[PDB]
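A single chain comes next, written as structure tokens; it is the form deposited in one PDB entry.
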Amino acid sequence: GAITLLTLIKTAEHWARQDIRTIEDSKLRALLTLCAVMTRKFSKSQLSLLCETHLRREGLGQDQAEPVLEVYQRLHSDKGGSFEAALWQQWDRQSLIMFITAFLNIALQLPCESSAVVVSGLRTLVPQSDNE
């Protein structure tokens, strides 16, 4: 079946709940692609909030702000898989695993568009949910 937007979301939600510490290299490489693709489903103006949420979840200090943010920025602007393939080659397994698990567990809760889009009418379109 087609890899639709919804299929991506369902894939991210499944893997956010897995312990991927010993997953085979082929699957970990594919999860890096999933994180790259999903980062590009955020508008560029949300990347700073992605980074700050990532830092807070992982208990990182402001020391790690610039590095984490550059990773999200360079995934967002990547072309031809260039930066993605460099991260695979240049990061150790543990860092990649921790970054992937953090991202997948925050990516589905954070707003994916910024305020200029959200506050100018789009919220009047959002349909009713449970409980609610």
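We call the rigid core whatever largest set of C-alpha positions still superposes within 1.5 Å between the two forms. In this text, residue numbers run from 1 along the sequence as written.
Quick note: we don't show the form deposited in another entry, though the next part is all about it.
Annotation: Cα of residue 65 displaced by at least 2 Å between the shown form and the other one, core superposition.
With the core held fixed, the Cα of residue 113 is displaced between the shown form and the other one by 2 Å or more.
Figure legend: C-alpha atoms of residue 122 and residue 43, shown here, are separated by at least 3 angstroms more in the other form. In the other form, the CA atoms of residue 11 and residue 117 move farther apart by at least 3 angstroms compared with the shown structure.
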